[PDB]
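Contents: one structure, followed by commentary.
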Amino acid sequence: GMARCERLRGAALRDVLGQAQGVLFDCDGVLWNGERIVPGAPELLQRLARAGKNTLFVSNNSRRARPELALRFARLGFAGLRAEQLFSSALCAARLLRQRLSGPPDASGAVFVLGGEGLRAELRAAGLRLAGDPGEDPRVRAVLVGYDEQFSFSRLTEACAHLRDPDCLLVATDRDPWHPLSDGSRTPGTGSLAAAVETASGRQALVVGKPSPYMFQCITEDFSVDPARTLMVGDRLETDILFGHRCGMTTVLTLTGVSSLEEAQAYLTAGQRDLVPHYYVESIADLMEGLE
Amino acid sequence: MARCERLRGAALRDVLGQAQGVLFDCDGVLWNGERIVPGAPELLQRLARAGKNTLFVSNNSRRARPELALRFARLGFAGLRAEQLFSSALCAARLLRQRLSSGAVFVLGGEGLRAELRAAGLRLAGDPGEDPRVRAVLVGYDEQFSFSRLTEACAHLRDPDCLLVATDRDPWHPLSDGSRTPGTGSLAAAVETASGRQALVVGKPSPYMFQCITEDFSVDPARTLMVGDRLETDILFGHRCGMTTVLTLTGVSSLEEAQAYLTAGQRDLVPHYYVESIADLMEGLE
Ligand SMILES: O=c1cc(-c2ccccc2)oc2c(O)c(O)ccc12
Ligand SMILES: [Mg+2]
Ligand SMILES: [Mg+2]
């Protein structure tokens, strides 16, 4: 029913987890912040696994391709996870591009990427050719906007030149407007760079990352997931919680990240139903009281 | 000193009653090819209903954990968890991740072995795009083994910092028709000889396979029954880990080979107990 931003504890926690077949975790602000894990996060994943609960992971962070992201999980103390459980915006972008650019061998094209090496590596793993890689650059058939620490006026100009070709696709990893750093400062997100590309090119980007439903499609392509039996746990109302509502999942806001309980309750008072979490917890460690 | 005694009657009830769990080898114990050992699914059921933990080891490096879990279910073993399955492929992937904590791994092996390494976050030589420095060579069961591939492996091993790992040293494996196929131990011997290197072996009887289990589960070896069909791998493994060993006769090794080891004083290759098949163990449960 309508979300009420209720604190998940006691019987409500036991019932919700007991009926759930799996949990879908956002990563940044949920499992960790920078190099600091959320206390109790590794133990939660273990007890979820021993309870027969499936776990999957989403993230709009495109800094690490799947191999390095799996190494990060293991290094930070999350054991027993498999790389195929990890669904970043980089992975989903590579899938979409592969799906859309699959065709005659003589007509494969190249992807112009505004983003970092991890994003480039994820596209290469999918078989995509990248503009700027060694050797002649084939016809650019798509522009991909991601988190780009090297964003520049000249490369923005170059992306838009490619987009003058109406057959050149425009894809964005996500629309996150900004991201918090350890020192309290903020960094602009793909949403800010996408707004620049979209405005200068007059185009609408295809967005793969949450809250876009495509990110869930990527999961369902690999795993049988009953959304009505899946908990969506995230820290950002405008991405994770909206994502859950669009996919029909029960949404849980954790307060270890971007969004606050006051922001959530403000959405409820305004009747903005799809941005109101069904439940909330101080941290995902609070969920362990519903197991054993 | 083990005496390879037929486990039956009261001894069977005492042994199973005191055990917290059973560690099963897979090939030759639970099945042979696509033909399950009669009564094997029922045994696992009754073990579960008795509160007995069950774990599974295998030097078979052909199947990644998901496909191995599917195999169990397809053959009639229900209610098992992928976290209970410890193949040499899985343990090899874990060792390489630790040692390389990354570079890329040149794999002499099949898709299941490659998939297991990819699932652990390791990059593989020959995969699309990234061309990292090869920091390890992994030898597994490789039906594509060739002179050219052996030559490539040795070229990487000219770098003294490139690790050499082998999934196991099983010399050969039996097929349904009575024929045999060369095992990883034969291919590792070629790689080791041509490179002048000694390989790190993860699979039983190497103790690392047990380290992989104990990292995931609290296992008291003194209360665990190691059930296998191969004296030189399963039984030796059990002795090295301090487990009570049970030889089943549905697989590679014979009771005469076991009694030959007892006559020669090779304690670590003599099973503590033996059964014609693991179905005989069901009589100690109720
Ligand atoms: O997509 C990215 C998201 C983030 C991020 C930073 C702080 C909090 C949450 C997410 O950082 C990145 C980064 O540092 C890179 O080098 C490349 C990509 C990303
Ligand atoms: Mg987040
Ligand atoms: Mg065997």
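Just so you know, the numbers here start at 1 and follow the chain as drawn.
Cβ from N, Cα, C; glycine included.
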Per Swiss-Prot, A:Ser59, A:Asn60, A:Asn61, A:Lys210 bind substrate; matching candidate in A:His162, A:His179: A:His179
Swiss-Prot Mg(2+) site partner of A:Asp26, A:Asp28, selected from A:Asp222, A:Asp226, A:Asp235: A:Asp235
Length of the line joining the Cα atoms of A:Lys210 (substrate binding site) and A:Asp235 (Mg(2+) binding site), in Å: 12
Length of the line joining the Cα atoms of A:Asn61 (substrate binding site) and A:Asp26 (Mg(2+) binding site), in Å: 10
Listed binding-site residues adjacent to ligand 2, that is, members of A:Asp26, A:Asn60, A:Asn61, A:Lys210 whose C-beta is under 6 A away: A:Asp26
Listed binding-site residues with Cβ under 6 Å from ligand 1, out of A:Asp26, A:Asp28, A:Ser59, A:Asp235: A:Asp28
Winner by Cβ contact number (other Cβ atoms within 10 Å) across the binding-site residues A:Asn60, A:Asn61: A:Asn60
